[PDB]
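Shown next: entry-v6.txt, given as compact mmCIF, C-alpha atoms.
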```txt
# COMPACT_ATOMS: atom_id res chain seq x y z
CA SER A 3 5.56 -27.63 1.02
CA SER A 4 6.77 -24.23 -0.09
CA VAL A 5 6.88 -22.49 -3.45
CA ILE A 6 9.74 -20.06 -4.19
CA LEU A 7 8.52 -16.79 -5.73
CA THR A 8 10.26 -14.27 -7.98
CA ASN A 9 9.58 -10.56 -7.41
CA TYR A 10 9.38 -8.52 -10.61
CA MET A 11 9.35 -4.73 -9.98
CA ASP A 12 7.23 -5.18 -6.83
CA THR A 13 4.16 -5.70 -9.04
CA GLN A 14 4.32 -9.33 -10.17
CA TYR A 15 5.04 -12.20 -7.79
CA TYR A 16 5.32 -15.57 -9.47
CA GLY A 17 6.51 -19.12 -8.93
CA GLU A 18 6.93 -22.19 -11.12
CA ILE A 19 4.64 -25.13 -11.74
CA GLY A 20 5.12 -28.12 -14.01
CA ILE A 21 2.34 -29.48 -16.23
CA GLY A 22 2.35 -32.76 -18.13
CA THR A 23 4.73 -35.68 -18.67
CA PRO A 24 7.47 -34.78 -19.20
CA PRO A 25 6.87 -31.56 -17.21
CA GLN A 26 6.36 -28.35 -19.18
CA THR A 27 7.37 -25.39 -16.98
CA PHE A 28 5.32 -22.21 -16.45
CA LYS A 29 5.66 -19.03 -14.45
CA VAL A 30 2.41 -18.35 -12.61
CA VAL A 31 0.94 -15.87 -10.15
CA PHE A 32 -0.93 -17.37 -7.18
CA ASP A 33 -4.17 -15.41 -6.88
CA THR A 34 -6.55 -15.61 -3.92
CA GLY A 35 -8.91 -13.43 -5.96
CA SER A 36 -9.75 -16.10 -8.55
CA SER A 37 -10.23 -19.87 -8.58
CA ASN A 38 -9.18 -21.21 -11.99
CA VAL A 39 -5.79 -22.45 -13.22
CA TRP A 40 -4.60 -21.40 -16.70
CA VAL A 41 -1.53 -21.19 -18.93
CA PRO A 42 -1.06 -20.17 -22.57
CA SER A 43 -1.82 -22.94 -25.09
CA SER A 44 0.18 -24.15 -28.08
CA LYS A 45 -3.14 -23.81 -29.91
CA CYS A 46 -3.06 -20.02 -29.44
CA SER A 47 -2.78 -18.22 -32.80
CA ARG A 48 0.61 -16.55 -33.09
CA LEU A 49 -1.34 -13.46 -34.19
CA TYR A 50 -1.70 -12.94 -30.44
CA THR A 51 1.76 -11.55 -29.82
CA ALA A 52 1.43 -12.32 -26.08
CA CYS A 53 1.39 -15.97 -27.09
CA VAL A 54 4.59 -15.49 -29.07
CA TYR A 55 6.18 -14.09 -25.88
CA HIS A 56 5.19 -16.80 -23.36
CA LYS A 57 5.66 -20.51 -22.64
CA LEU A 58 2.90 -22.46 -24.41
CA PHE A 59 1.41 -25.74 -23.14
CA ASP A 60 1.52 -28.39 -25.85
CA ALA A 61 -0.83 -31.26 -25.10
CA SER A 62 0.62 -33.37 -27.92
CA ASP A 63 3.89 -33.58 -25.95
CA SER A 64 2.31 -34.91 -22.74
CA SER A 65 1.41 -38.57 -22.23
CA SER A 66 -0.58 -37.86 -19.06
CA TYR A 67 -2.85 -35.31 -20.79
CA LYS A 68 -6.60 -35.89 -20.71
CA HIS A 69 -8.85 -34.07 -23.21
CA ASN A 70 -12.02 -32.21 -22.17
CA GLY A 71 -12.42 -29.25 -24.50
CA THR A 72 -15.03 -27.23 -22.64
CA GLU A 73 -14.79 -23.57 -23.63
CA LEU A 74 -14.08 -21.01 -20.93
CA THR A 75 -13.50 -17.30 -20.58
CA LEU A 76 -11.81 -15.76 -17.54
CA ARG A 77 -12.50 -12.09 -16.81
CA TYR A 78 -10.08 -10.22 -14.55
CA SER A 79 -10.05 -6.56 -13.48
CA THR A 80 -7.31 -5.63 -15.96
CA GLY A 81 -7.98 -8.10 -18.75
CA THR A 82 -9.56 -11.21 -20.19
CA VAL A 83 -8.39 -14.61 -21.44
CA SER A 84 -10.32 -17.29 -23.26
CA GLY A 85 -9.67 -20.90 -24.23
CA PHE A 86 -10.69 -24.43 -23.29
CA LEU A 87 -10.36 -26.91 -20.43
CA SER A 88 -7.80 -29.72 -20.20
CA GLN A 89 -6.62 -32.11 -17.51
CA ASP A 90 -3.11 -33.21 -16.69
CA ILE A 91 -0.77 -33.68 -13.77
CA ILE A 92 0.47 -30.46 -12.19
CA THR A 93 3.57 -30.23 -10.03
CA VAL A 94 3.47 -27.45 -7.44
CA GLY A 95 6.08 -27.07 -4.74
CA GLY A 96 6.80 -30.79 -4.70
CA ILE A 97 3.16 -31.87 -4.58
CA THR A 98 1.67 -33.69 -7.56
CA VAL A 99 -2.04 -33.36 -8.37
CA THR A 100 -4.25 -34.18 -11.33
CA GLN A 101 -5.90 -30.90 -12.25
CA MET A 102 -8.38 -29.43 -14.70
CA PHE A 103 -7.00 -26.18 -16.06
CA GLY A 104 -7.51 -23.78 -18.91
CA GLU A 105 -5.48 -23.81 -22.12
CA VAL A 106 -5.67 -20.19 -23.29
CA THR A 107 -5.93 -19.49 -27.04
CA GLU A 108 -6.86 -15.79 -26.87
CA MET A 109 -4.59 -13.56 -24.83
CA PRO A 110 -4.66 -9.80 -25.60
CA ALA A 111 -1.34 -7.96 -26.12
CA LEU A 112 -2.52 -5.41 -23.57
CA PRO A 113 -2.05 -6.30 -20.85
CA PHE A 114 -0.36 -9.68 -21.34
CA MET A 115 2.65 -8.45 -23.30
CA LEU A 116 3.52 -6.69 -20.02
CA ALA A 117 3.23 -9.93 -18.04
CA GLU A 118 6.42 -11.56 -16.79
CA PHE A 119 4.40 -14.62 -15.82
CA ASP A 120 2.76 -17.04 -18.25
CA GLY A 121 -0.38 -17.93 -16.32
CA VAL A 122 -2.35 -17.92 -13.09
CA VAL A 123 -3.15 -20.42 -10.37
CA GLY A 124 -6.40 -19.52 -8.62
CA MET A 125 -6.25 -19.96 -4.85
CA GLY A 126 -9.86 -18.93 -4.29
CA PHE A 127 -12.86 -21.11 -3.41
CA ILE A 128 -14.78 -23.32 -5.83
CA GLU A 129 -17.80 -21.02 -5.45
CA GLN A 130 -15.99 -18.47 -7.64
CA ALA A 131 -14.51 -20.97 -10.11
CA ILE A 132 -15.63 -20.49 -13.70
CA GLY A 133 -17.14 -23.62 -15.21
CA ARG A 134 -17.26 -25.18 -11.74
CA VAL A 135 -13.75 -26.59 -12.08
CA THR A 136 -12.33 -27.95 -8.82
CA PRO A 137 -9.64 -25.47 -7.61
CA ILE A 138 -6.09 -26.76 -7.23
CA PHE A 139 -6.07 -26.27 -3.47
CA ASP A 140 -9.19 -28.37 -3.00
CA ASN A 141 -7.51 -31.13 -5.02
CA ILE A 142 -4.37 -31.02 -2.88
CA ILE A 143 -6.43 -31.12 0.31
CA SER A 144 -8.27 -34.18 -1.02
CA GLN A 145 -4.93 -36.01 -0.94
CA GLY A 146 -4.83 -35.60 2.82
CA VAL A 147 -1.10 -34.90 2.92
CA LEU A 148 -1.03 -31.33 4.24
CA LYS A 149 -0.73 -30.92 8.01
CA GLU A 150 -3.18 -28.00 7.88
CA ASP A 151 -5.87 -26.83 5.45
CA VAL A 152 -4.13 -23.46 5.12
CA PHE A 153 -1.69 -21.65 2.81
CA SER A 154 0.50 -18.58 3.48
CA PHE A 155 2.00 -15.72 1.46
CA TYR A 156 5.24 -13.86 2.00
CA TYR A 157 6.01 -11.07 -0.49
CA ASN A 158 9.50 -9.54 -0.16
CA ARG A 159 10.56 -6.00 -1.06
CA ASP A 160 11.82 -5.45 -4.61
CA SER A 161 15.52 -5.72 -3.68
CA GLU A 162 17.82 -7.25 -6.32
CA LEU A 165 14.16 -14.39 -2.32
CA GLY A 166 11.34 -12.58 -4.09
CA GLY A 167 8.65 -14.18 -1.96
CA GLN A 168 7.24 -17.48 -0.74
CA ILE A 169 4.05 -19.50 -0.50
CA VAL A 170 3.66 -22.28 2.00
CA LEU A 171 1.11 -24.99 1.35
CA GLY A 172 0.02 -26.58 4.63
CA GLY A 173 1.11 -23.92 7.12
CA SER A 174 3.22 -20.82 7.75
CA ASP A 175 6.92 -20.04 7.86
CA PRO A 176 7.96 -18.52 11.25
CA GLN A 177 11.08 -17.31 9.46
CA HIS A 178 9.17 -14.57 7.64
CA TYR A 179 6.90 -13.11 10.33
CA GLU A 180 7.06 -12.03 13.95
CA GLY A 181 4.65 -11.37 16.78
CA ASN A 182 1.53 -13.51 16.55
CA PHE A 183 -1.28 -13.79 14.06
CA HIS A 184 -4.51 -11.89 14.49
CA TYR A 185 -7.39 -13.46 12.64
CA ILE A 186 -10.47 -12.00 11.04
CA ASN A 187 -13.31 -14.36 10.12
CA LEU A 188 -14.39 -14.49 6.50
CA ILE A 189 -17.67 -12.74 5.82
CA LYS A 190 -18.68 -15.92 3.99
CA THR A 191 -17.06 -19.09 2.61
CA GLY A 192 -16.37 -18.99 -1.11
CA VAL A 193 -14.51 -15.67 -1.02
CA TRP A 194 -11.31 -14.50 0.70
CA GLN A 195 -13.13 -11.31 1.69
CA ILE A 196 -13.30 -9.77 5.17
CA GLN A 197 -15.05 -6.98 7.01
CA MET A 198 -13.04 -3.76 7.33
CA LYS A 199 -14.08 -1.48 10.20
CA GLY A 200 -12.51 1.63 8.70
CA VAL A 201 -9.71 3.34 6.80
CA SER A 202 -7.79 6.31 8.18
CA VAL A 203 -5.44 8.77 6.48
CA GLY A 204 -3.10 10.77 8.68
CA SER A 205 -5.36 12.25 11.34
CA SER A 206 -8.94 11.82 10.07
CA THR A 207 -10.72 8.47 9.62
CA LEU A 208 -12.50 10.01 6.63
CA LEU A 209 -12.93 6.69 4.81
CA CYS A 210 -14.96 3.49 5.04
CA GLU A 211 -16.88 4.99 7.96
CA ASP A 212 -19.70 2.65 8.97
CA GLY A 213 -17.68 -0.26 7.59
CA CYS A 214 -16.86 -1.78 4.20
CA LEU A 215 -15.38 -4.91 2.57
CA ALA A 216 -11.76 -5.95 2.06
CA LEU A 217 -10.82 -8.65 -0.45
CA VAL A 218 -7.41 -10.10 0.53
CA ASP A 219 -5.98 -10.49 -2.96
CA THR A 220 -2.51 -11.98 -3.50
CA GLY A 221 -2.96 -11.52 -7.26
CA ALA A 222 -3.48 -7.78 -7.04
CA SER A 223 -0.36 -5.65 -7.33
CA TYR A 224 -1.85 -2.83 -5.32
CA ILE A 225 -4.23 -1.87 -2.55
CA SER A 226 -7.43 -0.73 -4.25
CA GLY A 227 -10.64 1.01 -3.32
CA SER A 228 -13.73 2.09 -5.25
CA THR A 229 -13.43 5.18 -7.42
CA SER A 230 -15.22 7.31 -4.82
CA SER A 231 -13.11 6.10 -1.93
CA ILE A 232 -9.81 6.54 -3.75
CA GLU A 233 -10.76 10.04 -4.93
CA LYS A 234 -11.15 11.06 -1.29
CA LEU A 235 -8.01 9.26 -0.11
CA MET A 236 -5.99 10.81 -2.92
CA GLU A 237 -7.34 14.33 -2.44
CA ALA A 238 -6.19 13.96 1.15
CA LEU A 239 -2.75 12.95 -0.12
CA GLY A 240 -2.39 15.81 -2.58
CA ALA A 241 -1.99 13.29 -5.40
CA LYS A 242 -2.86 13.97 -9.05
CA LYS A 243 -4.85 11.45 -11.06
CA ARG A 244 -3.67 10.02 -14.37
CA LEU A 245 -5.12 7.47 -16.80
CA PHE A 246 -3.99 4.34 -14.95
CA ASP A 247 -2.71 5.60 -11.59
CA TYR A 248 -2.12 8.43 -9.14
CA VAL A 249 1.13 10.36 -8.81
CA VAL A 250 2.73 12.79 -6.44
CA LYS A 251 5.76 15.00 -7.02
CA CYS A 252 8.60 12.79 -5.82
CA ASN A 253 10.09 15.32 -3.40
CA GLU A 254 6.88 14.97 -1.39
CA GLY A 255 6.65 11.19 -1.26
CA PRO A 256 8.43 10.91 2.13
CA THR A 257 6.06 13.54 3.55
CA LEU A 258 2.86 11.63 2.77
CA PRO A 259 0.84 10.58 5.86
CA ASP A 260 0.30 7.07 7.17
CA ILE A 261 -2.65 5.09 5.84
CA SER A 262 -4.25 2.69 8.31
CA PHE A 263 -6.66 -0.20 7.80
CA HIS A 264 -8.86 -1.31 10.69
CA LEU A 265 -9.21 -5.09 10.44
CA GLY A 266 -10.71 -7.33 13.12
CA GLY A 267 -9.94 -4.99 16.00
CA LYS A 268 -6.36 -4.28 14.91
CA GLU A 269 -4.90 -1.29 13.04
CA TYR A 270 -2.74 -2.19 10.04
CA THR A 271 -0.66 0.84 9.17
CA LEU A 272 1.33 1.70 6.07
CA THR A 273 3.92 4.48 5.94
CA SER A 274 4.56 6.48 2.77
CA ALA A 275 7.70 4.39 2.21
CA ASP A 276 5.31 1.43 2.13
CA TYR A 277 2.98 2.74 -0.60
CA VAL A 278 4.92 5.13 -2.83
CA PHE A 279 7.37 4.05 -5.52
CA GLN A 280 10.11 6.42 -4.37
CA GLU A 281 12.03 6.50 -7.68
CA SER A 282 13.80 9.79 -6.92
CA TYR A 283 13.35 12.90 -4.77
CA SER A 284 13.23 15.61 -7.45
CA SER A 285 10.33 18.05 -7.54
CA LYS A 286 10.54 17.90 -11.33
CA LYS A 287 9.58 14.22 -11.36
CA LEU A 288 6.45 12.23 -10.69
CA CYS A 289 6.31 9.20 -8.44
CA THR A 290 3.48 6.62 -8.66
CA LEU A 291 1.58 5.33 -5.62
CA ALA A 292 0.89 1.64 -4.94
CA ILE A 293 -2.77 2.43 -4.25
CA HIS A 294 -5.23 2.45 -7.14
CA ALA A 295 -8.89 2.91 -7.91
CA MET A 296 -10.59 -0.32 -8.93
CA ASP A 297 -14.31 -0.89 -9.15
CA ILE A 298 -14.88 -4.57 -8.49
CA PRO A 299 -18.36 -5.70 -9.68
CA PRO A 300 -21.01 -7.55 -7.60
CA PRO A 301 -21.60 -9.81 -5.92
CA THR A 302 -17.99 -9.72 -4.67
CA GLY A 303 -17.80 -5.95 -5.00
CA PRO A 304 -17.94 -3.08 -4.37
CA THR A 305 -14.93 -3.70 -2.13
CA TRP A 306 -11.40 -2.64 -1.30
CA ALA A 307 -8.62 -5.00 -2.42
CA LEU A 308 -5.54 -5.67 -0.27
CA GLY A 309 -2.82 -6.77 -2.67
CA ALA A 310 0.99 -6.92 -2.70
CA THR A 311 1.38 -3.40 -1.31
CA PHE A 312 -0.33 -4.67 1.85
CA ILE A 313 1.01 -8.23 1.89
CA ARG A 314 4.61 -6.95 1.66
CA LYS A 315 4.07 -5.43 5.10
CA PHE A 316 1.98 -8.23 6.58
CA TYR A 317 2.64 -11.94 6.22
CA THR A 318 -0.75 -13.45 5.35
CA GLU A 319 -2.22 -16.85 6.22
CA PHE A 320 -5.37 -18.11 4.51
CA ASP A 321 -7.12 -20.67 6.73
CA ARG A 322 -9.55 -22.94 4.86
CA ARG A 323 -10.35 -25.09 7.90
CA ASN A 324 -11.68 -22.14 9.90
CA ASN A 325 -12.72 -19.73 7.11
CA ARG A 326 -10.47 -16.99 8.49
CA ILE A 327 -7.51 -14.88 7.47
CA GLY A 328 -4.57 -14.12 9.73
CA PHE A 329 -2.10 -11.26 9.61
CA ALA A 330 1.30 -10.89 11.24
CA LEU A 331 4.18 -8.42 10.85
CA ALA A 332 6.34 -9.56 7.92
CA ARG A 333 10.01 -10.19 8.69
```
Please, can you express the file's structure as structure tokens?
Amino acid sequence: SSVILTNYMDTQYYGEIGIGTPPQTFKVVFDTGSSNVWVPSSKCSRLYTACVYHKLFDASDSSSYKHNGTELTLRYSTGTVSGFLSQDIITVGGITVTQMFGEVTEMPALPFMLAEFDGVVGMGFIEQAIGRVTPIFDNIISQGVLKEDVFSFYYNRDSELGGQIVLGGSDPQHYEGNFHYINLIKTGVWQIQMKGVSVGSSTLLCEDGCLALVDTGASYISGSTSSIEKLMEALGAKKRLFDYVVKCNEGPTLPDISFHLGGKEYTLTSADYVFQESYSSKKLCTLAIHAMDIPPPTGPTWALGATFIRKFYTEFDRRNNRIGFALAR
């Protein structure tokens, strides 16, 4: 089974899921960095403008809904949502599963007013699930219908298909060459060992090793504040409140950035990480690499998001606790 994804400005990749009977439709991001499912709730005060601007789940319109009510708060890197748990049937890519998910009643304008999607579907392990709620992928596996306990992500370039998730395998149509796997450091987290990060000609980063969280829900490739400061200084980039910029005319001149993973070098060109909006020296162009301090126990750690996945088709293998990469087609 595959899920068709929409690509919004190269920063938000989302697909549709249906909740309830009759189905209530929601745009959601599939995030390997978290493990809970959530959508905005009809019980969310309209004082939260983000709730006024998104699809709201109304339990009183679903005959398959099952009440629970346990309160839950979900804390992400860029924001927080709070609400309560509910159960209902969820349709994802043709598969139907009963699932416990969050009905959000508090959703801050910043950053959710800037969200194209309505909610999130955690693709992480149950070990990271808040409130110990069984993750949707564990529930699907329990049905014993998938041919493989693995799911794969394909994120297309902005263009204007936006992207695609395959539940149960991989799509040969969107990758070439063969996969090269890296074993997970531990079950419970889609995190892997990274042997090093090189910029141009000088592996001046992640010497002695570091961690890499393969995060489909992250728009960019991120590193700790210290690591990014070095990487950026090397790039000649200036720091701003929420990102790093470079004078556009110099975007094409930026050096390659490479990521040593499992005995293979994964290299990005400047075209791969800079939002080349123009070429003027009087304009600033943002970079798809940010500074993000991810808290323990998962962090500190680098995060390989869309910027990376766009270049490399990614397969998450639950049966063998490994992650595979292959050149995206």
Taking into account all atoms listed in the file, which residue in the set A:106, A:208, A:310, A:169 is nearest to residue 233 of chain A?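 Nearest to residue 233 of chain A: A:208.
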Quick one: distance from atom CA of residue 332 of chain A to atom CA of residue 219 of chain A in Å, one decimal? 16.5 Å
So that I can see what lies close to segment 154-166 of chain A, please list as a ChimeraX atom specification the residues with an atom at most 7 Å from it, counting all atoms listed in the file and leaving out residues fewer than 5 positions away in the same chain. /A:7-9,11-12,171,173-174,178,310,313-314,317-320
Could you jot down the atom CA of residue 143 of chain A to atom CA of residue 85 of chain A separation for me, Å, one decimal place? 26.8 Å
Extract, using only C-alpha atoms, all DNA, RNA and protein residues at most 7 Å from residue 326 of chain A, discarding same-chain residues fewer than 3 positions from it, and format them as a PyMOL selection string. chain A and resi 185-188+320-321
Surrounding residues of segment 118-129 of chain A excluding itself and chain neighbours under 2 positions, 7 Å, only C-alpha atoms, as a PyMOL selection string: chain A and resi 16+28-42+56-57+116+131+134+136-137+139+192-194
Restricting the calculation to only C-alpha atoms, which member of A:81, A:221, A:255, A:167 is positioned closest to residue 288 of chain A?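 Result for the nearest residue to residue 288 of chain A: A:255.
For the atom pair formed by atom CA of residue 267 of chain A and atom CA of residue 184 of chain A, the distance is 8.9 Å, given to one decimal.
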Among listed residues A:249, A:135, A:148, A:117, nearest residue 290 of chain A (using all atoms listed in the file):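 When distances to residue 290 of chain A are compared using all atoms listed in the file, the smallest one comes from A:249.
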Please complete segment 244-264 of chain A so it has N, CA, C and O atoms, and hand it over as a compact mmCIF listing (two decimals), in the coordinates of the input.
```txt
# COMPACT_ATOMS: atom_id res chain seq x y z
N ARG A 244 -4.09 10.22 -12.99
CA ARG A 244 -3.67 10.02 -14.37
C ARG A 244 -4.57 8.92 -14.93
O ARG A 244 -5.48 8.45 -14.24
N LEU A 245 -4.31 8.49 -16.16
CA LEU A 245 -5.12 7.47 -16.80
C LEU A 245 -5.20 6.16 -16.03
O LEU A 245 -6.29 5.64 -15.77
N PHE A 246 -4.04 5.62 -15.65
CA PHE A 246 -3.99 4.34 -14.95
C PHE A 246 -3.54 4.37 -13.49
O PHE A 246 -3.53 3.33 -12.84
N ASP A 247 -3.18 5.54 -12.98
CA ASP A 247 -2.71 5.60 -11.59
C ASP A 247 -2.80 7.00 -11.01
O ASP A 247 -3.41 7.90 -11.59
N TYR A 248 -2.19 7.16 -9.84
CA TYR A 248 -2.12 8.43 -9.14
C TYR A 248 -0.64 8.72 -8.88
O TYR A 248 0.13 7.82 -8.54
N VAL A 249 -0.25 9.97 -9.04
CA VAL A 249 1.13 10.36 -8.81
C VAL A 249 1.22 11.49 -7.82
O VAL A 249 0.24 12.14 -7.48
N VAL A 250 2.44 11.73 -7.37
CA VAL A 250 2.73 12.79 -6.44
C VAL A 250 4.11 13.26 -6.88
O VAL A 250 4.86 12.49 -7.47
N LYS A 251 4.43 14.53 -6.65
CA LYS A 251 5.76 15.00 -7.02
C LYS A 251 6.70 14.25 -6.08
O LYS A 251 6.50 14.25 -4.87
N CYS A 252 7.71 13.59 -6.64
CA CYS A 252 8.60 12.79 -5.82
C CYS A 252 9.11 13.41 -4.53
O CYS A 252 9.06 12.77 -3.49
N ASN A 253 9.57 14.65 -4.59
CA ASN A 253 10.09 15.32 -3.40
C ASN A 253 9.12 15.28 -2.22
O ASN A 253 9.53 15.51 -1.09
N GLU A 254 7.85 15.01 -2.48
CA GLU A 254 6.88 14.97 -1.39
C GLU A 254 6.42 13.57 -1.00
O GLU A 254 5.53 13.41 -0.17
N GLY A 255 7.02 12.55 -1.59
CA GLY A 255 6.65 11.19 -1.26
C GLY A 255 6.91 10.89 0.21
O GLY A 255 6.02 10.40 0.90
N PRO A 256 8.11 11.18 0.72
CA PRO A 256 8.43 10.91 2.13
C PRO A 256 7.55 11.68 3.12
O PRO A 256 7.46 11.30 4.29
N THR A 257 6.90 12.74 2.66
CA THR A 257 6.06 13.54 3.55
C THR A 257 4.62 13.06 3.65
O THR A 257 3.87 13.50 4.53
N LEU A 258 4.22 12.15 2.77
CA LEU A 258 2.86 11.63 2.77
C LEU A 258 2.53 10.95 4.09
O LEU A 258 3.36 10.23 4.67
N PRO A 259 1.31 11.16 4.60
CA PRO A 259 0.84 10.58 5.86
C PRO A 259 0.65 9.08 5.84
O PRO A 259 0.64 8.45 4.78
N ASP A 260 0.52 8.50 7.03
CA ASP A 260 0.30 7.07 7.17
C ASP A 260 -1.12 6.76 6.74
O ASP A 260 -2.01 7.60 6.85
N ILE A 261 -1.32 5.55 6.23
CA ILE A 261 -2.65 5.09 5.84
C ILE A 261 -2.86 3.88 6.73
O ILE A 261 -1.99 3.01 6.78
N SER A 262 -3.98 3.82 7.43
CA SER A 262 -4.25 2.69 8.31
C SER A 262 -5.51 1.94 7.91
O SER A 262 -6.47 2.54 7.40
N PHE A 263 -5.52 0.63 8.14
CA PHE A 263 -6.66 -0.20 7.80
C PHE A 263 -7.12 -0.98 9.02
O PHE A 263 -6.42 -1.87 9.50
N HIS A 264 -8.31 -0.65 9.51
CA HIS A 264 -8.86 -1.31 10.69
C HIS A 264 -9.44 -2.69 10.34
O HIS A 264 -10.50 -2.79 9.72
```
